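J.: Take this structure, written in structure tokens, and hold onto it; I'll ask about it next.
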Amino acid sequence: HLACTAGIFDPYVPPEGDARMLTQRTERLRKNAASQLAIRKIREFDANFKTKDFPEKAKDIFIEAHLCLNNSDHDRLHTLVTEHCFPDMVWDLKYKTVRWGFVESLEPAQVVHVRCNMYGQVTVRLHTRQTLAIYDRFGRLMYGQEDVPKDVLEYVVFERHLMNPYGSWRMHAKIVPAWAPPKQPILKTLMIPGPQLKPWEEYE
Amino acid sequence: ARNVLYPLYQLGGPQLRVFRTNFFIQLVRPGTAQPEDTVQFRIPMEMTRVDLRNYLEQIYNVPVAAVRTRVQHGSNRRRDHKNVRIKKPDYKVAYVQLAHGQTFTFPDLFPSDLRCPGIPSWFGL
Amino acid sequence: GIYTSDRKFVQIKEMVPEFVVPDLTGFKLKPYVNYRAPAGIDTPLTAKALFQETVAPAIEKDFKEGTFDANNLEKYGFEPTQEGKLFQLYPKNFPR
Amino acid sequence: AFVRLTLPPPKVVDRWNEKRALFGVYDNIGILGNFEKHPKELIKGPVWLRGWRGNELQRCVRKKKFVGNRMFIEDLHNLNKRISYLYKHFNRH
Amino acid sequence: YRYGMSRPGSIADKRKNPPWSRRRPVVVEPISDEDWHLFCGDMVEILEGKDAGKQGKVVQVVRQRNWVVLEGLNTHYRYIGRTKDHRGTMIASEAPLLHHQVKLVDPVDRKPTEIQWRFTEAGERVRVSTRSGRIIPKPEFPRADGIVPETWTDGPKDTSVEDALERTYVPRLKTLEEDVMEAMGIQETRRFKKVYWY
Amino acid sequence: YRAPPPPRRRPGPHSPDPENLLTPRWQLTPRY
Amino acid sequence: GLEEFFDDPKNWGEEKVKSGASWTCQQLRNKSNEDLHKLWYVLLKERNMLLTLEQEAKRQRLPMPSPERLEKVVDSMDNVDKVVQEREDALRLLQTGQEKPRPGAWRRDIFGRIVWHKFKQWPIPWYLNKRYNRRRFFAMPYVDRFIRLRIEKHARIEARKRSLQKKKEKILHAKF
RNA sequence: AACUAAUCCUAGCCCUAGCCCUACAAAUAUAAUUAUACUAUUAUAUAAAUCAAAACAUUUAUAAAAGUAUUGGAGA
């Protein structure tokens, strides 16, 4: 049984300078031709789905999901996110302790584009400052700063199974814009191994 | 017909006719190198070489020139968990040479980010 | 065949089975049947059904006409003995 | 020796169940019934020891007589052999 | 042999129930064919479990363990494709539900109403609610193999529909062997000598 | 709970069945 | 023909071969005696070809395409035999009344048990056959002890199963 | 916080009660399990002893009246 589908039905293309930017909201109205028919499909099963008010509900799930990581609330996190999202979030955090906090959001969240036997997928735009610090099994710090805020802009996709009566909005994936800055480097150092050769072979 | 009683024949009795045949045969790729006309067959232990000739000639209309047959002893070395010897079923291999200049060859059946490792790629923070 | 005295094999033609192979040309039945074809409820044949299908109609016609007597049981299909038939129902004298 | 690492399952006993609550009723059948039925008549068990008691040899001997006609040949022979050993010990030592 | 979620005779089943297993037997209350009321495709409400109170449709029934399987209910999470190269992806995997953990649903009123088995005019047994007596018709479920009898198209070695349904038997006082002789006209005048059966 | 009915011995004449194998011989005598 | 021993060349290498359901007993009953005889060979021919392919698959250590085909053919052949046997059985009772095709009777073996003895064909009568008379159909006196053991063993069997049932009941009480 | 090990509850049984019982094919007593001829085909006397009599010899069990009258190397 699958309650989510990997990938995005229609990939929204973020425009450079959107962070600087009413305005963008009108662009959705201009682009409602592509998305409003999709919005109707979510509305048909729900009828309370509005692009203006959806981000608040989605934002709570996104923030809550990250909070579960601090407490390792795997059971809670499963409900918050779809099955596709969960493996990425927690697999690499095994035997690690992370302190995550949410600073005030820089800009209000707004729905960006939606494209759904029926899995409604809604793209949301979020810019928020957060704090991250990950430590080793021994407690040694390996990544992030305990009390320094980092401003991150990302687009988050939630997915709900419209057909199922029990279907609910769960985070499915995050769309990363190319203009987004690179992630912070790790504290530890890595080594790129040299070419491996047999005794007969010689270095080149 | 196998695992059945055949009617006893006495002088003046009818010819023995098997209207329905229980003998089941399978063509096998020859393990050893044999002449192309020669064909290997696995047949029930109660079937005679003459029956195979009649069987092929009547049911399958296959002309046969010569027949050679052998009985293979099944290995009983294998034992189960209870230490009871397991016997491989004994089978008879028949080498059938085709007639009328026909030649046979076995058909070809079944022709995270590298820069940031250990941190889940989901995090953008 | 028979092994006689002097350790000599003498094949007997009658004891050698002959495979009677029917002609499959014009026969419409094949190894498998359609899933489209509905299955038939099993109704095993019994002596009562066999007698009713074959023997009953003759007697019913004869009984109304009155041309029935005990002596003529063979007339309606009774076999006093199985001898003379190539296939004897009892004792069985033919192979499967 | 080594001992269980877990407690046995809890047992709950009802002391006012019909069997325990009504145990012994009619034990005064003789005095309260005009002695028409003796309380020994209320004994339920093997036939050869209903209203009777004795030592093992007496019990075994009484058992043989009561159901000897219904005893298995193997059982009867085994009982006889056991009685023979018992007889010598009690009646000669 | 302890019946499990894995189909009997599977590789996992052999590991689960080895021939030398001598574990404490599992108790499953025997349920008669008349007593049993749960069938695949029946909408039922989970009395207890992870998803208790959520109505679902049955998709698999292991009557040996009195287990009813609901798709998308009593569902846990596990990794699909977990391998050396890839971490793996979470999937939703159902867990067995015992018969007492579910009850049939009345179509008119959605509730877990106790039912009693009784026949109908057509003769088909139908479960009838003990309270608010109503007829719960047998649900329609597709064939497990996925082969629709009507849609099936004859392949090689498959007879046409008409040929199979043709009846050619003519009742007569002759066996198959005799009938074959009559059609093929085999003639043999020799007769076996008397055989002393004993 | 209520106690079961008291055990009672059946009164009145009772005639053993002569044909029955189980019944002892002495119970079929004229003295009986 | 040799080609009949093998599957269709087009089907060779395919994952499966499309086949329908096996012949049911009722349909075979509708078919005539001559039709039933022909169908037996048709099923037999398919069965032999599938057997030949399966044996080659085992040698090649490869999967057999559509193994259900052999099962369907075997079921059809079994259904054919009983339908033909039913007609043979019905006629035998009508003309002779004998409930078994082979002459037989109930006889007592040397162990004291009563077993159905199937008669055998002989060219000479029993009294002129010393070897047949040599066969023993009588129970020795020492079997009387065995007969008592059989009655006791039957009684013991009832006790053992009850003990076995009691142990199973412990599971019911223990689990619940 | 260590290796070897250890831990478990039913597998089942036991005694009484109840109850007499009347539960595929093919091949076989030939050399059993060898599809048809050979070659006729067939068990069993008291149970004893051991044992007890400290050996050993006649001898040594196998509802109440009553272990009484009796019997016994009058002894087990």
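Labels for the structure tokens follow display order: chains A, B, ..., residues from 1 in each chain, ligands from 1.
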Which residues of chain B sit at most 8 Å from chain C, using only C-alpha atoms? Give each one's shortest atom pair and distance in Å (one decimal place), in chain and ascending residue order, as a tab-separated table.
T.:
residue	atom	partner	partner_atom	distance
B:1	CA	C:96	CA	6.8
B:4	CA	C:95	CA	7.1
B:5	CA	C:95	CA	6.8
B:6	CA	C:95	CA	5.5
B:7	CA	C:93	CA	5.0
B:8	CA	C:93	CA	7.8
B:9	CA	C:15	CA	6.3
B:13	CA	C:14	CA	7.4
B:14	CA	C:14	CA	6.4
B:15	CA	C:14	CA	3.9
B:16	CA	C:17	CA	4.7
B:17	CA	C:18	CA	4.5
B:18	CA	C:19	CA	5.0
B:19	CA	C:20	CA	4.8
B:20	CA	C:96	CA	5.9
B:21	CA	C:19	CA	7.1
B:22	CA	C:96	CA	8.0
B:51	CA	C:17	CA	7.6
B:54	CA	C:19	CA	7.0
B:55	CA	C:19	CA	6.7
B:58	CA	C:21	CA	6.5
B:59	CA	C:21	CA	6.0
J.: Write a file of the just-selected residues containing C-alpha atoms, as a short mmCIF file (atom, residue, chain, number, x, y, z; two decimals), in the first residue's frame.
T.:
data_model
loop_
_atom_site.label_atom_id
_atom_site.label_comp_id
_atom_site.auth_asym_id
_atom_site.auth_seq_id
_atom_site.Cartn_x
_atom_site.Cartn_y
_atom_site.Cartn_z
CA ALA B 1 0.23 -48.75 -19.56
CA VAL B 4 -1.78 -52.00 -14.05
CA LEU B 5 -2.52 -55.67 -14.65
CA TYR B 6 -2.52 -56.88 -18.24
CA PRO B 7 -5.07 -59.56 -19.22
CA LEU B 8 -3.58 -63.04 -19.16
CA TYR B 9 -3.27 -64.43 -22.69
CA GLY B 13 -6.79 -65.18 -27.12
CA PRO B 14 -7.08 -61.73 -28.70
CA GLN B 15 -4.08 -59.56 -29.40
CA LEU B 16 -3.22 -57.24 -26.52
CA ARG B 17 -4.29 -53.68 -27.37
CA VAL B 18 -3.70 -50.64 -25.16
CA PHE B 19 -6.30 -48.08 -26.24
CA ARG B 20 -5.07 -45.53 -23.67
CA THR B 21 -1.37 -45.41 -22.83
CA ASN B 22 -0.06 -44.48 -19.37
CA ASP B 51 6.87 -50.40 -27.09
CA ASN B 54 5.48 -48.66 -31.54
CA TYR B 55 4.84 -45.61 -29.34
CA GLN B 58 2.05 -44.74 -33.92
CA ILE B 59 1.50 -41.73 -31.64
#
J.: Please determine the contact residues of chain D with respect to chain H at a cut-off of 10 Å, counting only C-alpha atoms (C1' of nucleotides), and supply them as a PyMOL selection string.
T.: chain D and resi 1-6+44-47+61+70+77+79-85+87-88+91-92
J.: Taking 5 positions as the minimum chain separation for residues in the same chain, which residues sit within 7 Å of residue 84 (chain A) when counting only C-alpha atoms (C1' of nucleotides)? Answer as a list in words.
T.: residues 6 and 172 of chain A; 89 and 90 of chain E
J.: Write out the residues from the selection above, keeping N, CA and C atoms, as a PDB file, in the first residue's frame.
T.:
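Saved result, again32.pdb, follows:
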ATOM      1  N   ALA A   6       6.503   9.070  -5.373  1.00  0.00           N
ATOM      2  CA  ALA A   6       7.779   9.761  -5.486  1.00  0.00           C
ATOM      3  C   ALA A   6       7.760  10.727  -6.663  1.00  0.00           C
ATOM      4  N   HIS A 172       6.045  15.907   1.626  1.00  0.00           N
ATOM      5  CA  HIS A 172       6.547  14.906   0.691  1.00  0.00           C
ATOM      6  C   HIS A 172       7.968  15.166   0.221  1.00  0.00           C
TER       7      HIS A 172
ATOM      8  N   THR E  89      13.848   3.225   1.264  1.00  0.00           N
ATOM      9  CA  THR E  89      12.696   4.115   1.277  1.00  0.00           C
ATOM     10  C   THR E  89      11.608   3.536   2.170  1.00  0.00           C
ATOM     11  N   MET E  90      11.009   4.393   2.993  1.00  0.00           N
ATOM     12  CA  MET E  90       9.917   3.959   3.852  1.00  0.00           C
ATOM     13  C   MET E  90       8.720   3.528   3.014  1.00  0.00           C
TER      14      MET E  90
END
J.: Just how far from CA of residue 79 (chain E) is CA of residue 155 (chain A), in Å to one decimal?
T.: 25.9 Å
J.: Identify all chain E residues at most 7 Å from chain C by counting only C-alpha atoms; ligands do not count. Present them as a list in words.
T.: residues 149, 150, 152, 154, 157, 158, 159, 160, 161, 163, 164, 171, 172, 173 and 191 of chain E
J.: Next, write the just-selected residues to a file, as an mmCIF file, in the first residue's frame, keeping N, CA and C atoms as the atom set.
T.:
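Listing of again_39.cif after writing:
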data_model
loop_
_atom_site.group_PDB
_atom_site.id
_atom_site.type_symbol
_atom_site.label_atom_id
_atom_site.label_comp_id
_atom_site.auth_asym_id
_atom_site.auth_seq_id
_atom_site.Cartn_x
_atom_site.Cartn_y
_atom_site.Cartn_z
ATOM 1 N N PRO E 149 -13.062 -13.739 -16.550
ATOM 2 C CA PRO E 149 -13.446 -14.842 -17.448
ATOM 3 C C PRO E 149 -13.948 -14.378 -18.803
ATOM 4 N N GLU E 150 -14.785 -13.339 -18.841
ATOM 5 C CA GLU E 150 -15.324 -12.876 -20.116
ATOM 6 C C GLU E 150 -14.234 -12.282 -21.000
ATOM 7 N N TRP E 152 -11.162 -12.960 -21.168
ATOM 8 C CA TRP E 152 -10.127 -13.897 -21.584
ATOM 9 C C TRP E 152 -10.264 -14.234 -23.064
ATOM 10 N N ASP E 154 -8.815 -16.779 -26.124
ATOM 11 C CA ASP E 154 -8.185 -18.085 -26.275
ATOM 12 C C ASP E 154 -6.805 -17.948 -26.904
ATOM 13 N N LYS E 157 -3.516 -23.796 -28.037
ATOM 14 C CA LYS E 157 -3.943 -24.997 -27.320
ATOM 15 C C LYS E 157 -5.240 -24.766 -26.558
ATOM 16 N N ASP E 158 -5.885 -23.613 -26.727
ATOM 17 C CA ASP E 158 -7.116 -23.286 -26.018
ATOM 18 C C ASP E 158 -8.296 -23.451 -26.967
ATOM 19 N N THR E 159 -9.257 -24.282 -26.573
ATOM 20 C CA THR E 159 -10.454 -24.482 -27.376
ATOM 21 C C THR E 159 -11.279 -23.204 -27.438
ATOM 22 N N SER E 160 -12.051 -23.069 -28.511
ATOM 23 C CA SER E 160 -13.044 -22.009 -28.575
ATOM 24 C C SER E 160 -14.195 -22.317 -27.621
ATOM 25 N N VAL E 161 -14.923 -21.266 -27.242
ATOM 26 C CA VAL E 161 -15.970 -21.412 -26.232
ATOM 27 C C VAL E 161 -17.030 -22.402 -26.705
ATOM 28 N N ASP E 163 -16.898 -24.910 -28.819
ATOM 29 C CA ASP E 163 -16.481 -26.307 -28.894
ATOM 30 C C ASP E 163 -16.562 -26.985 -27.533
ATOM 31 N N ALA E 164 -16.124 -26.297 -26.478
ATOM 32 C CA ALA E 164 -16.144 -26.897 -25.149
ATOM 33 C C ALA E 164 -17.568 -27.190 -24.693
ATOM 34 N N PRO E 171 -26.512 -41.435 -24.667
ATOM 35 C CA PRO E 171 -26.607 -42.558 -23.723
ATOM 36 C C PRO E 171 -26.843 -43.874 -24.448
ATOM 37 N N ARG E 172 -26.039 -44.876 -24.099
ATOM 38 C CA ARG E 172 -26.145 -46.193 -24.709
ATOM 39 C C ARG E 172 -25.502 -47.211 -23.780
ATOM 40 N N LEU E 173 -25.851 -48.478 -23.993
ATOM 41 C CA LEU E 173 -25.361 -49.573 -23.155
ATOM 42 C C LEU E 173 -24.042 -50.122 -23.703
ATOM 43 N N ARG E 191 -10.780 -65.198 -28.708
ATOM 44 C CA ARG E 191 -11.335 -65.036 -27.372
ATOM 45 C C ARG E 191 -10.410 -65.679 -26.349
#
J.: Residue 44 (chain G): which residues within 10 Å, counting only C-alpha atoms (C1' of nucleotides), same-chain residues fewer than 2 positions away excluded, as a PyMOL selection string?
T.: (chain B and resi 20-24) or (chain C and resi 31) or (chain G and resi 38-42+46-50+73-74+76-77)
J.: Near region 99-112 of chain E, within 7 Å and counting only C-alpha atoms (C1' of nucleotides), which residues show up once chain neighbours fewer than 3 positions away are dropped, as a tab-separated table (two decimals) with C-alpha atoms, in the first residue's frame?
T.:
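Contents of result.tsv, as written:
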chain	number	residue	atom	x	y	z
E	43	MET	CA	-16.30	-3.14	4.84
E	44	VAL	CA	-15.54	-3.58	8.55
E	45	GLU	CA	-14.73	-1.34	11.51
E	46	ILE	CA	-11.62	-2.09	13.58
E	47	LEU	CA	-12.74	-2.60	17.18
E	48	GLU	CA	-9.16	-2.41	18.49
E	66	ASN	CA	-8.49	-15.89	12.45
E	67	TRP	CA	-6.64	-12.95	10.88
E	68	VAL	CA	-8.29	-10.29	8.71
E	136	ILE	CA	-25.65	-7.21	4.07
J.: Rounded to one decimal in Å, what is the spacing between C1' of residue 27 (chain H) and CA of residue 118 (chain G)?
T.: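 Distance reported for this atom pair: 11.1 Å.
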J.: Using DSSP on the backbone coordinates, identify the residues of chain C assigned to strand (DSSP E or B); present them as an mmCIF file with C-alpha atoms, in the first residue's frame.
T.:
data_model
loop_
_atom_site.group_PDB
_atom_site.id
_atom_site.type_symbol
_atom_site.label_atom_id
_atom_site.label_comp_id
_atom_site.auth_asym_id
_atom_site.auth_seq_id
_atom_site.Cartn_x
_atom_site.Cartn_y
_atom_site.Cartn_z
ATOM 1 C CA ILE C 2 7.685 -66.509 -23.050
ATOM 2 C CA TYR C 3 10.976 -68.064 -21.944
ATOM 3 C CA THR C 4 10.787 -71.734 -22.921
ATOM 4 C CA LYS C 8 15.435 -69.271 -25.397
ATOM 5 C CA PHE C 9 13.171 -66.232 -25.658
ATOM 6 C CA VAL C 10 10.111 -66.581 -27.910
ATOM 7 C CA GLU C 18 -0.503 -52.584 -29.476
ATOM 8 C CA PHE C 19 -1.056 -48.842 -29.054
ATOM 9 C CA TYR C 32 -7.066 -26.462 -22.126
ATOM 10 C CA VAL C 33 -10.489 -24.816 -21.988
#
J.: At a cut-off of 9 Å, using only C-alpha atoms (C1' of nucleotides), what residues contact residue 92 (chain B)? Leave out same-chain residues fewer than 5 positions from it and give the result as a PDB file with C-alpha atoms, in the first residue's frame.
T.:
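Below is the file that was written, out.pdb:
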ATOM      1  CA  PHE B  41      14.662 -40.639 -24.085  1.00  0.00           C
ATOM      2  CA  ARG B  42      13.609 -41.151 -20.468  1.00  0.00           C
ATOM      3  CA  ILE B  43      10.834 -43.741 -20.247  1.00  0.00           C
ATOM      4  CA  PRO B  44       9.033 -45.696 -17.513  1.00  0.00           C
ATOM      5  CA  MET B  45      10.896 -48.759 -16.289  1.00  0.00           C
ATOM      6  CA  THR B  69      18.524 -48.707 -23.654  1.00  0.00           C
ATOM      7  CA  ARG B  70      20.215 -48.512 -20.258  1.00  0.00           C
ATOM      8  CA  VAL B  71      19.031 -48.462 -16.642  1.00  0.00           C
ATOM      9  CA  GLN B  72      20.645 -45.843 -14.396  1.00  0.00           C
TER      10      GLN B  72
END
J.: Select, as a compact mmCIF listing (two decimals) with N, CA, C and O atoms, in the first residue's frame, those residues of chain D with any atom no more than 10 Å from chain G (distances computed using only C-alpha atoms).
T.:
# COMPACT_ATOMS: atom_id res chain seq x y z
N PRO D 9 3.25 -16.54 35.96
CA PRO D 9 2.03 -15.76 35.72
C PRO D 9 1.18 -15.66 36.97
O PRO D 9 1.08 -16.63 37.73
N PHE D 72 -7.18 -56.23 32.47
CA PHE D 72 -6.41 -56.69 31.33
C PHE D 72 -5.45 -57.79 31.74
O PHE D 72 -4.96 -57.83 32.87
N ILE D 73 -5.18 -58.70 30.80
CA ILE D 73 -4.27 -59.81 31.09
C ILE D 73 -2.89 -59.28 31.46
O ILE D 73 -2.27 -59.74 32.43
N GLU D 74 -2.40 -58.30 30.70
CA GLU D 74 -1.10 -57.71 31.03
C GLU D 74 -1.14 -57.03 32.39
O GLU D 74 -0.22 -57.20 33.20
J.: Provide as a CSV table (one decimal) with C-alpha atoms, in the first residue's frame the residues of chain A at most 6 Å from chain E, counting only C-alpha atoms.
T.:
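Result file part.csv:
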chain,number,residue,atom,x,y,z
A,1,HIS,CA,0.0,0.0,0.0
A,83,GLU,CA,6.8,7.8,3.4
A,87,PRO,CA,14.0,8.0,4.9
J.: Report the closest atom pair, with its distance in Å rounded to one decimal, for each residue of chain A that has an atom no farther than 8 Å from chain B; count only C-alpha atoms, sort by chain and then rising residue number, and write it as CSV.
T.:
residue,atom,partner,partner_atom,distance
A:88,CA,B:122,CA,5.8
A:89,CA,B:122,CA,5.6
A:90,CA,B:120,CA,7.0
A:91,CA,B:120,CA,7.0
A:92,CA,B:120,CA,5.0
A:93,CA,B:119,CA,6.5
A:130,CA,B:125,CA,7.0
A:131,CA,B:125,CA,7.7
A:132,CA,B:125,CA,7.0
A:150,CA,B:125,CA,6.9
A:151,CA,B:125,CA,8.0
A:152,CA,B:125,CA,6.4
A:154,CA,B:124,CA,7.8
A:174,CA,B:122,CA,7.6
A:183,CA,B:124,CA,6.4
A:184,CA,B:125,CA,7.9
A:185,CA,B:116,CA,6.4
A:186,CA,B:116,CA,5.9
